[PDB]
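# Structure assessment
As a plain string of letters, each chain reads:
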Amino acid sequence: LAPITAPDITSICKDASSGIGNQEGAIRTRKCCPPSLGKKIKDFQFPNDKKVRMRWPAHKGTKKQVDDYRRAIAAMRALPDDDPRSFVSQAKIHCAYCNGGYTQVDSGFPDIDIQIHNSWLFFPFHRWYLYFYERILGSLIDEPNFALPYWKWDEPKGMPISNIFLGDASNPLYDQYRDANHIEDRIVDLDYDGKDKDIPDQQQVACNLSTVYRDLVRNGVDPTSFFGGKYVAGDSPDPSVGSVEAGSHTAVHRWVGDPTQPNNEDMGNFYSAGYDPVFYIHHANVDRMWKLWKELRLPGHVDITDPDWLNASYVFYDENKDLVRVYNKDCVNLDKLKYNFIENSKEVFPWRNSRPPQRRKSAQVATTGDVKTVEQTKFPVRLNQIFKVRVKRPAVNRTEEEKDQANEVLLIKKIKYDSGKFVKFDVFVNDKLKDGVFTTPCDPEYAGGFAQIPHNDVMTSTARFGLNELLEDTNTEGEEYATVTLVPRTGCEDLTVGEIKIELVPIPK
Ligand SMILES: [Cu+2]
Ligand SMILES: [Cu+2]
Ligand SMILES: [O]
Ligand SMILES: [O]
Ligand SMILES: [W+6]
């Protein structure tokens, strides 16, 4: 067993040096280390809160919920910087853990950094991060039952940035370093690639709902595909990045960050994202997606039970300025963490049925055209342009019972690129429409994207796309090969793909 283990973050820490493409021009500090107060690290104890903290949609808060949240951020902003509870200290936590603050010295690897992103540590780390953040905010205003808002971008009216975050600096929830084009009641683009789409609001809303369905159902088919790939001590730069992390979560980061800043600060980069209050509220909904993913009660939607994940741990300051070590295993049950999320109390999530519409055969031509197979192709391949290839399937016309027991999964492995820049490419499968056919940004042929916030230690990544639905949706369940189109969107000039294949992945019970 070799679980990732944060060191004494007050003894072992160094300025952030990873994932920041323009350090010279950086708007925020790279000195992201937490203050040293001489505290001894204590083990986590489950909270004894009387009530469950009920996190609320940021666009539908009561006057008290908004005022308390505003009042708490104000108090946090007033704290001396060196206070571990301060506005700046809380932002630096993200920078320390995401941009090279710590090493794996406690595991016996002092020359390897810890990265909690692009791995199965993604969800539980941010869960713990927010747990303490919330409890700190509550303490500052003496509200024992204080709860964060969440950015419900899975709800149409929750998709624009809530107006509680807007205005000027007289509003504590305001951040000047945001994309000026995206703060004027504009609808978030959950599959943003750095350029505004020119599409009707109704269509952006519909595709956003399809993005949530894609991240949580179409591609989030099991723990590996949803949480991200296995990451243990000794592992130096990926593992595979999860569906939410490389999907809606990354899109929102780049959508909010100010593209006129050198690293698209604040939200556009891990090192600066925490200086925007909306960052935590975005991640509050990401945290909620883990809960929703379980609540779907679909096969494969189970929590990780690998000891190497369960026993991984981080260290945070709490509201008492004590150092607390927390483990992944202790954050899986929200009841025990004494918070949850106000839900709609309706039959269904608004995105629950946003599976792309079935492609009509009348809209398709016979074949995907003249295209070579993976075996006829020389890898690696460069994505300086669109790349198409036929991938051998492990089987054709699988039964519902077989599809119920294993996901057919497209693997794009050995994705090599400079990660000093934001990267995105899109993936389409069995695209073969007749000329003239109406298309949208969320057609059934669209498998999703690979999107990566900068995290240069070149870097090597892996993406996993679910095909059980898509092959049905494109009428290609009987075809021996599946035709894969990779479409570069940004940062792919130097990017290389080393392996492409399709596998049957048994659904874990
Ligand atoms: Cu994030
Ligand atoms: Cu993060
Ligand atoms: O993140
Ligand atoms: O993040
Ligand atoms: W319009």
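Residues numbered from 1 in each chain as written, not as in the entry; some residues may be left out. Chains lettered and ligands numbered in written order. Heavy atoms only, no water. Residues with missing side-chain atoms left out of burial classes, pairs and counts.

As summarised from the PDB record, the model derives from X-ray crystallography at a stated resolution of 1.780 Å.

Naming follows the PDB entry, where the protein appears as Aurone synthase of Coreopsis grandiflora. The header of this PDB entry states its title as "Recombinantly expressed latent aurone synthase (polyphenol oxidase) co-crystallized with hexatungstotellurate(VI) and soaked in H2O2".

## Structural notes on the state of the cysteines
Enumeration according to the criterion identifies three disulfides in this entry. With its sulfur 2.0 Å from that of its partner, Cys32 forms a disulfide with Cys95. Disulfide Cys32-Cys95: the torsion about the S-S bond is 80°, which places it as right-handed. Separated by 63 residues along the polypeptide, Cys32 in the segment before β1 (42-43) and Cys95 in helix α2 (residues 87-98) bring together distant segments of the chain. Bridging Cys207 to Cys442, the disulfide has an S-S length of 2.1 Å. Classification of the bridge connecting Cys207 and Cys442 rests on its S-S torsion, roughly -70°, and on that basis the disulfide is left-handed. Accessibility expressed as a relative area gives 5% for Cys207, which makes it buried. Counting only the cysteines that take part in disulfides, in the order they occur along the protein, gives the pairing 1-3, 2-4, 5-6. No disulfide involves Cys98; its nearest neighbouring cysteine sulfur is the one of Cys95, lying 8.2 Å away. (Disulfide = S-S within 2.5 Å. Helix = DSSP H or I, 4+ residues; strand = E, 2+ residues; numbered from the N terminus. Buried < 20%, exposed > 50% of the residue type's maximum accessible area, 1.4 Å probe, protein only.)

## Description of the coordination of the copper ion (ligand 1)
Around the copper ion (ligand 1), the protein contributes the donor atoms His249 (NE2), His253 (NE2) and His283 (NE2), which lie 2.0 to 2.2 Å from the metal centre. Donor residues for the copper ion (ligand 1), ordered by position in the chain, follow H-x3-H-x29-H. The distance between the copper ion (ligand 1) and the copper ion (ligand 2) comes to 3.4 Å. With a gap of 34 residues between them, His249 in helix α6 (residues 245-256) and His283 in helix α7 (residues 277-295) connect regions that are remote in the sequence. Take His249: its relative accessible area is 1%, and that puts it in the buried class. (Donors = N, O, S within 2.8 Å, 3.2 Å for Na, K, Ca; no water.)

## Some details on the UniProt feature "binding site: Cu(2+) 1" (unreviewed entry) in the protein
Residues annotated in UniProt with the feature "binding site: Cu(2+) 1" (unreviewed entry) correspond here to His94, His117, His126 and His249. On the secondary structure map, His117 appears in the loop between β4 (109-113) and α3 (122-140). By relative accessible area, which is 0% here, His117 ends up buried. Polar contacts involving the side chain of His117 include one to the side chain of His94, which spans 3.4 Å. Inspection of the secondary structure puts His126 in helix α3. For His126, the residues in contact, after removing those within four places along its chain, are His94, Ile116, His117 and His283. Polar side-chain contacts of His126 include one of 2.6 Å to the backbone oxygen of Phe122. (UniProt positions renumbered as here; feature names shortened; annotations may be inferred. Polar contact = N/O pair within 3.5 Å; in protein donor to acceptor, adjacent residues only side chain to side chain. Contact = heavy atoms within 4.5 Å.)

## Some remarks on the UniProt feature "binding site: Cu(2+) 2" (unreviewed entry) in the protein
In the numbering adopted here, UniProt assigns the feature "binding site: Cu(2+) 2" (unreviewed entry) to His249, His253 and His283. In three dimensions, the annotated residues from a span of 35 residues occupy one location, with a maximal C-alpha spread of 10.0 Å. Look past the residues within four positions of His249 in its chain and what remains in contact with it is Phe122, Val244, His282, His283 and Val286. The class for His283 is buried, based on a relative accessible area of 1%. Contact partners of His283, with chain neighbours within four places excluded, come to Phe122, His126, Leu130, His249 and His253. Among the polar contacts listed, one links the side chain of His283 to the side chain of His249, at a separation of 3.2 Å.

## Comments concerning unusual backbone geometry
Outside of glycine, negative phi angles account for most residues, and trans bonds account for most peptide bonds. With omega at 5°, the peptide bond leading from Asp238 into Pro239 counts as cis. In this fold, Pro239 is placed in the loop between α5 (223-227) and α6. Residue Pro380 is reached from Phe379 by a cis peptide bond, and omega for that bond is 0°. By the element assignment, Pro380 lies in the loop between β8 (339-341) and β9 (381-382). Located in the positive-phi region is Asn397, a residue other than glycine, with phi close to 50°. Relative to the helices and strands, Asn397 resides in the loop between β10 (387-392) and α10 (400-403). Even without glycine at this site, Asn430 takes up a positive phi of about 55°.

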